[PDB]
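S.K.: how does the following fold in three dimensions:
(6 chains, ligands or ions: 6)
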Amino acid sequence: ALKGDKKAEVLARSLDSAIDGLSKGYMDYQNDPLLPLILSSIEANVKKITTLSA
Amino acid sequence: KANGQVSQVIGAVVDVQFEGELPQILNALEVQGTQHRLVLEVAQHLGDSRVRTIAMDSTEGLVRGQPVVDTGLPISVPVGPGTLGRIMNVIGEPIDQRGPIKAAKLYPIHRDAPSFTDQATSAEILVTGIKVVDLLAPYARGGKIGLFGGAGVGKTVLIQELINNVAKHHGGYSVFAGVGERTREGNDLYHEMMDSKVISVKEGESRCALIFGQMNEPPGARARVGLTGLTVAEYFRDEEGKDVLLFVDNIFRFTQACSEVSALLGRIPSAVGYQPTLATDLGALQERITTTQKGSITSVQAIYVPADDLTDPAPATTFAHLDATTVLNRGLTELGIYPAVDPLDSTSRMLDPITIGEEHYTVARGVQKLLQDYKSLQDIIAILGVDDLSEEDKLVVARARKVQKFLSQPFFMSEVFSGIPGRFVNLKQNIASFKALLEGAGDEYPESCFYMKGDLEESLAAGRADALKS
Amino acid sequence: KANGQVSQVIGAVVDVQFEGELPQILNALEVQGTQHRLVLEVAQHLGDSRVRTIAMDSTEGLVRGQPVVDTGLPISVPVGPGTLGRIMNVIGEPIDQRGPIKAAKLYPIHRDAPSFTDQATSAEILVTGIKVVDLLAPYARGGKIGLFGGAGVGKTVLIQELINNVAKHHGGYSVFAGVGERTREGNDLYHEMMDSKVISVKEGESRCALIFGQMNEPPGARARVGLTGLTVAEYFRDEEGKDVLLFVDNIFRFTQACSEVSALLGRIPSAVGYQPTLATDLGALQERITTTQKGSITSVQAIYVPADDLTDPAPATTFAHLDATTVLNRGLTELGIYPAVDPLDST
Amino acid sequence: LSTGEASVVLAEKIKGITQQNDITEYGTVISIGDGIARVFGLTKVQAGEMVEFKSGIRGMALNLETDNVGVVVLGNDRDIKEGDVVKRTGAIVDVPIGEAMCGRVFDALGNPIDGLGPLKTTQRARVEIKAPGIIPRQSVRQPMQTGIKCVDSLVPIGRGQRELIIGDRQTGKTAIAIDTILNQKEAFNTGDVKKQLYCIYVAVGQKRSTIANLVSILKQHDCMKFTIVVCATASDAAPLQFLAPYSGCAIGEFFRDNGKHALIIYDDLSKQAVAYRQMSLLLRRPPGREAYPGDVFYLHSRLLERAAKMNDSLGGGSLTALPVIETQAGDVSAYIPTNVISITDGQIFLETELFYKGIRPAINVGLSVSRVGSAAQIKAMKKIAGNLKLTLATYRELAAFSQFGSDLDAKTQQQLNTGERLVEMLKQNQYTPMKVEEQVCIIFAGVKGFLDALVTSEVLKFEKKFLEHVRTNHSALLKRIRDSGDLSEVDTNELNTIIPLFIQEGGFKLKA
Amino acid sequence: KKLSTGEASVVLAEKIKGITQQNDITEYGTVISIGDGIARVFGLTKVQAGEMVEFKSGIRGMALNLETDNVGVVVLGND
Amino acid sequence: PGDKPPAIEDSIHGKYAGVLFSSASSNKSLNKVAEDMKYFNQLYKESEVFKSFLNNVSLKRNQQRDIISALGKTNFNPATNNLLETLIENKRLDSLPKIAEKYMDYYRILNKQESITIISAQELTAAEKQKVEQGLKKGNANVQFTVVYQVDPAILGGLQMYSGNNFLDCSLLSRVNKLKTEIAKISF
Ligand SMILES: Nc1ncnc2c1ncn2[C@@H]1O[C@H](COP(=O)(O)OP(=O)(O)OP(=O)(O)O)[C@@H](O)[C@H]1O
Ligand SMILES: Nc1ncnc2c1ncn2[C@@H]1O[C@H](COP(=O)(O)OP(=O)(O)O)[C@@H](O)[C@H]1O
Ligand SMILES: Nc1ncnc2c1ncn2[C@@H]1O[C@H](COP(=O)(O)OP(=O)(O)O)[C@@H](O)[C@H]1O
Ligand SMILES: [Mg+2]
Ligand SMILES: [Mg+2]
Ligand SMILES: [Mg+2]
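M.R.: Numbers count the residues shown, from 1 in each chain, chains lettered A, B, ... in the order given. Ligands and ions are numbered 1, 2, ... in the order given. Find the structure here:
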């Protein structure tokens, strides 16, 4: 994700989240795409492993 | 309403900036917003409405601009029977976990010493049960008492035995202020007083108060907790003409704490790194520990001698304030003798033929001459041997070894180390025992029987028993 | 561009005032308008754009307001096989009159010590030929060695014997760094090396490098020449990987030098006049003299004991870094025993 | 737990990751030198609070002055420049604690320098905290077996006490600590939790090569699985050497407060005092005697007073400290040694003369002492230790007469011989810790006088041979002495019979 | 330099204000700092070395250091 | 404003500036003295002789007094004149510049206007900058401010605001580091 190949929305999403944090006293990454992006890969792998006990 | 605010924080020294009506020196300031009650003792006026103070607790967590409240009085601690049987802090906080302390009033730890006209000195023998002390360096009821010792010679064990022997069966109250010493010893003493029923949970009993400013506490606390214990005793003395026993575990820690902050306070260091105000700081405390017309205070304080250097400024200056002095020697420990009371160096202002019986004075001087003569011979004995000595010198050496071993006495508090039960020796029996040894009463028996025995009769019986055993 | 100007000169300590873009600490600055180029390593940022520095050469002749140039990098000395058979200065200048040194690169004399993960035991004995040493305190190749001795007990002679017995037959490269020693000994060693065939003018030979910051040099020079020599050895250890022999004629001088300048830097003196940063500075230099996975460095360090007082802070702090110790006693010299090695104190 | 179920838990855990950022006041550096940074502004900063520079290195705010703030750089200060930014984290110095620490090597701050992997822990404890009060503590009544015969018998160490290993350079100070750590290994392998003792080794001002050799030794004996090594080497900044002992002690308080037992070994505290002196002098604080700050005693006391034996109400945990002190020329009259002796309970004196005369461990029994005394030793131990002590004193007294007088009486000759055999028996090799029960058998053979028969040069080998014989043939006896911890009369008779018998059977030099 | 104890903020403020009132500087002094039984006093000029001075409370002091901007006095009593 | 300077410091220049601030703010005026002190600062760096005069210490007190009068006896608030006289008497004239600077600092602290600096890797488009102003406004919403921009970081897509003495990090670089660290400590 740090690389190119659909990194534009990340910087755009960060700008939106950053303006929010500036607008507010603190900063929370409620809308950052990194966490959902990582979760997508991990959920795919988890779904892949969750087949059956056998 | 907080007028001041923190401006500078270095170590335990804190500077405060005030807007108006600066507090007198020695007053107590309360810092607001701390998780624990933090108190500051005013030490200097720097000008511009600034005061330099010493913190009683850790300064970690302070912040510049933090409001400070002026109490308008020096550190006041609760006094009265409410402190009896309860562990208390330097500022009066209860650290026993048994609840708040009930006090008729709060007294300040700083006060002017009693006048000269109301000194009211008096000499009266104090039977400690320790034959060496009762013989060579008698203690005086109502007079100061010093135990000078290095590291690990047995002055802590000696304090415990005096408590067991004197504190109990004492009409008046007793105070124990332990400043600078280790916390493990504090727990042991508390449990021991509880077992011995000197203190109890049941109210109306527990005739003893405890104050602890142990190592873990930062400087300023170790420097003022001694005054706190002394203030409790002064109330018990003045308000009630009751004999008070003040046990101060090492007081050298008091001057040490002062020197730890003297530099940051701006003072120039003295000869051995101590503060310039060593004598006056110490004398202000000693003069308050005295018997007066109203009541009497019997103070037993332990002075730690660093590196066994009796010329150190702290103990050297303390010597002048003490009525009775007990110097512990490390060489005796190597020999196995306990207590390691140097018979020659130990002195007592009460060792006078008028105060005590002439026979007592005569017996003591004979022992001292005997031991000193033996010490002189040791040199030539090394080169020539005991054989080449004359019969007179041989008798001196033999009797001196027996006397030196007979000086050893097993105390209750020492059983765990040795395994032999403690023993108590009366004054009459002690004088007679040593008087008999001088006459040659025991020159027959082996010197081994005069070891860790209470009285001469007990020692002679043990010798005869060992013979029939073999 | 010469953005700086000399603000104040105090012995070997020089302050410099800059307009902007202050150099990092330990960076090297070059003073302009002075023969015998003068280098100054930044030591402190005093505030208000003033930096206090140490001079490597004599400061006599400096004028307040004189310009100063910022190199932007710490003292960088040439390293490589070109140093072999060549005498170098604390700042890499050749003092053998052999021409410019050919070096692949220039390494900075200030570097962090090797980590905990890069450390090697290498417990293999090094036979010096000296029965007392080999018997009581045997040296371990790849380990640190320290010779402790007072004035004139046989430290320099012992160093020469080790070179004769160990260095010559040695296979890998060698590095001799002299810190605050008599220049005559440097001349004698150079010619003795040429004679022994250990070094020659012919290229491709001379498996030994020489560094000298001898007494005549001012402070700051005797304090960094050790780092310069140490760097020449680190290159051989890491890049070449071969074994290295690092000889250090007395290292105490290094400490001493720093002391002589500490007071001028505004530091409060330590116990007997030494600087408060004695142990840390010494450790930063010593932690780099060690064997790693890349290569081994067998270091022989001579330690001068001032007034025969082993309790002095310098040698006392040095004891902890050494693997093998050889303490020379003056009483034995009176008895005629040479080498005057104290078997009971040499661990 | 199924792998899929575990993976789902892991994914959910990764999901619930919070990260908040708040406005943190920052200041500028007025000056920087020798690792000390004078900072402007940065108000509302707490004393001892941590601050972060631009590069990412931390700093500790010690001096709060009306004008500036005095910060100590916890690392290398080359990147720091005038006008740089200093951001306050808002939290006092702390370190990660837990069980995952065991088997790793950290620095003062807690960062792992092993290279194995990041530290998987969630608990962070403040480094400087008030020591336990008088009530929480409890009397010390459990033995901490070092494995050294001389120590376990003459200078018993009880869990929760503080013993000072004091001596000169190259007298075997570090060897005792390493041997102690090895002895603990047997308890961990066997499932007896009541005797497990986590060992913490704090290395202050030591060459990394030495620590690496030590870790390799620990791995060799597999004793590293329960050991924690905190490293503040000579190259490290002075503040790190100052905080490492406190950092290690906090790691130990974890076990203490959690009903466990921990042994923390502070390498030379003299080196920590030097670092504190350096850090304080550079802060322009007025120096004391030997240039040490006035409150050096408070430094060591606040550290060592932490070690305690908590009461059963809090778990009965304990932290045992073995601080090390290096003396210059055997003068324990120095400033720092004097303070520490007054702080600790007992001290183990190491002498160089004894070391080279063959007495290794070079322990001076005449000076060594323990406050706890026999309260820590086991029942089977105290009985023998008393007679052993009495025998040692007599031997020392008669040593001088024999050399010059050159005439020995039958009674004196026997006492002289008996003491010599015991001294040879107390000798012990390095990296060879002995079980407590085996110590009892060997010390028993000595005090009872059996060793007086065989030649001194054979006493040490008889120890090895006889111990093996006991482990093989007489294993129930050892189990009794171990479990019960007492030497019954039946065991006394059984042991008293086989000792002389074995001496006569095996091939030894019987002439005294 | 570092500073001078005679440069107190209160004394300096009066100079900046421009009001030349010293409340009889001679034979009268105002305490500037007190510590360890030593009081520094601004003013109090015309005071002889080794002379006794009376404080507001009543305790006396001895002028031992006659400095340019202040007088170092040792208080003869509790500080 | 309570005749109390922003900060209290024991340094020489700090002590004098605080007294001047208090005294000036006491009678009525601070802005008048500000121009006087600001004038001295500009002169100290622009006029070479004036700088040499101040630093010159071999000069007598009377000589210093006459030269100062020649500069100007009016256009300086009475507090400033009294301050110069005091400095001459106390040999502190050399520190006059620092005092000036220090004073203005305090004055600039009383100034409500502040400069905010934003650090971002990507170049800030004018439309984006307007949104940033709206956010900073909504954050403060009660104080006017001047914005400054700076783009030369290693962070990406992140904004870091510096406001005088406060720092707020919304950088994505922080998020990256935090996640990589927490994922390591999972302790599965
Ligand atoms: N029981 C022992 N038996 C035989 N040799 C021993 C014994 N103990 C230590 N030695 C030797 O003592 C030397 C190291 O002693 P050690 O490092 O343990 O003490 P130290 O005080 O830590 O020394 P240093 O001050 O250099 O750190 C080694 O040469 C070791 O072989
Ligand atoms: N009467 C005694 N008999 C036998 N051993 C003793 C005796 N007194 C002390 N010891 C020993 O002395 C040591 C205690 O010394 P201590 O009184 O605590 O002095 P300090 O207060 O300075 O530490 C203990 O090891 C203790 O075992
Ligand atoms: N092996 C030796 N045999 C005989 N004399 C020696 C020997 N070593 C040294 N000497 C003497 O030691 C003296 C000094 O040696 P040196 O190592 O230079 O001392 P320093 O440590 O001061 O440099 C020599 O002048 C020499 O006279
Ligand atoms: Mg004690
Ligand atoms: Mg030489
Ligand atoms: Mg060691």
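S.K.: count of neighbours near the residue of chain F found nearest chain B?
M.R.: In chain F, the residue found nearest to chain B is residue F:8; the distance is 6.1 Å by CB to the nearest CB. The way it works is simple: take the backbone N, C-alpha and C, and place the C-beta from them, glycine included. Using other CB atoms under 10 Å in any protein chain shown, residue F:8 has 18 other residues around it.
S.K.: show the contacting residues for it.
M.R.: Residue F:8 makes contacts with B:7, B:17, B:48, D:66, F:14, F:18, as judged by CB atoms under 8 Å, 6 or more residues apart in numbering or on different chains.
S.K.: go through those and flag which are in strands.
M.R.: The strands, defined by DSSP state E, take in B:7, B:17 from those.
S.K.: out of the contacts of residue F:8, the closest to residue B:422 would be?
M.R.: Distance to residue B:422, by CB to CB, is smallest for residue B:7 among the contacts of residue F:8, at 56.6 Å.
S.K.: returning to that earlier point: may I ask which of the contacts of residue F:8 has the most neighbours?
M.R.: residue F:18 (26 neighbours).
S.K.: how much space separates the closest residue to that residue other than its chain neighbours from chain C?
M.R.: Residue nearest to residue F:18 in three dimensions, not counting chain neighbours: residue F:5, with 4.6 Å by CB to CB, 6 or more residues apart in numbering or on different chains. Counting by CB to the nearest CB, to the nearest Å, the gap from residue F:5 to chain C is 22 Å.
S.K.: what strand or helix carries residue F:5?
M.R.: Assigned by DSSP states H and E, residue F:5 belongs to neither a helix nor a strand.
S.K.: how long is stretch D:131-142 from one end to the other?
M.R.: Counting by CA to CA, to the nearest Å, you get 21 Å between the two ends of stretch D:131-142.
S.K.: touching chain B at all, that stretch?
M.R.: Yes: in terms of CB under 8 Å from any CB of the partner chain, part of stretch D:131-142 sits within range of chain B, namely D:131-135, D:137-140.
S.K.: most widely separated two among those residues?
M.R.: Farthest pair in the residues of stretch D:131-142 next to chain B, by CB to CB: D:131 and D:139, 17.4 Å.
S.K.: so residue B:221 is in contact with residue B:90, correct?
M.R.: Yes: with contact defined as CB atoms under 8 Å, residue B:221 counts as touching residue B:90 (4.8 Å).
S.K.: quick check: the residue nearest to residue F:18 vs residue D:413, distance?
M.R.: 89 Å (CB to CB, to the nearest Å).
S.K.: and residue B:284, how many neighbours?
M.R.: Residues near residue B:284, counting by other CB under 10 Å: 16.
S.K.: show me how far the helix or strand where it lies is from its chain's centre.
M.R.: In this assignment (DSSP H and E), residue B:284 forms part of helix B:278-286. Distance of helix B:278-286 from its chain centroid, counting by CA atoms, centre = their mean, to the nearest Å, is 15 Å.
S.K.: quick check: what element follows it along the chain?
M.R.: strand B:297-304.
S.K.: contacting residues around residue B:341?
M.R.: B:132-133, B:136-137, B:326-329, B:332, B:407.
S.K.: who wins for neighbours among these?
M.R.: Among those, the one with the most neighbours (other CB under 10 Å) is residue B:326, at 29 neighbours.
S.K.: correct me if wrong: residue D:116 contacts residue D:106.
M.R.: No: with contacts counted by CB under 8 Å, residue D:116 stays clear of residue D:106, the gap being 11.5 Å.
S.K.: which one's more surrounded, these two?
M.R.: The neighbour comparison of residue D:116 against residue D:106 (other CB under 10 Å) goes to residue D:106, with 23 against 11.
S.K.: tell me the residue of the stretch 1-150 of chain B that sits nearest ligand 3?
M.R.: residue B:150 (41.7 Å; CB to the nearest ligand atom).
S.K.: just chain E next, same as before
M.R.: residue E:2 (45.4 Å).
S.K.: after the longest helix seen in chain D comes which helix or strand?
M.R.: Looking across chain D with DSSP state H, the single longest helix is helix D:379-405. Once helix D:379-405 ends, the next helix or strand along the chain (criterion: DSSP H and E) is helix D:410-426.
S.K.: in terms of secondary structure, what does that following helix contact?
M.R.: helix D:149-154, helix D:379-405, helix D:436-447, helix D:459-473 (3 or more CB pairs under 8 Å, 6 or more residues apart in numbering or on different chains; DSSP states H and E).
S.K.: which other helices and strands does the shortest one contact?
M.R.: Packed against helix D:149-154 by the contact rule (3+ CB pairs under 8 Å, 6+ apart) you find helix D:379-405, helix D:410-426, helix D:436-447.
S.K.: most packed of those helices?
M.R.: Highest mean neighbour count among the helices and strands packed on helix D:149-154 (mean count of other CB atoms under 10 Å in any protein chain shown): helix D:436-447, with a mean of 23.
S.K.: now do that helix: distance to the chain's middle.
M.R.: 25 Å.
S.K.: OK, contacts around residue D:315?
M.R.: For residue D:315, the contact set (CB under 8 Å, 6+ apart) comprises D:257-260.
S.K.: what does chain D put close to chain F?
M.R.: D:6, D:10, D:13-14, D:17, D:19, D:21-27, D:41, D:43, D:66-67, D:85, D:87, D:100, D:117-122.
S.K.: in strands only, show me those residues.
M.R.: D:21, D:24-27, D:41, D:85, D:87.
S.K.: many thanks, we can stop here.
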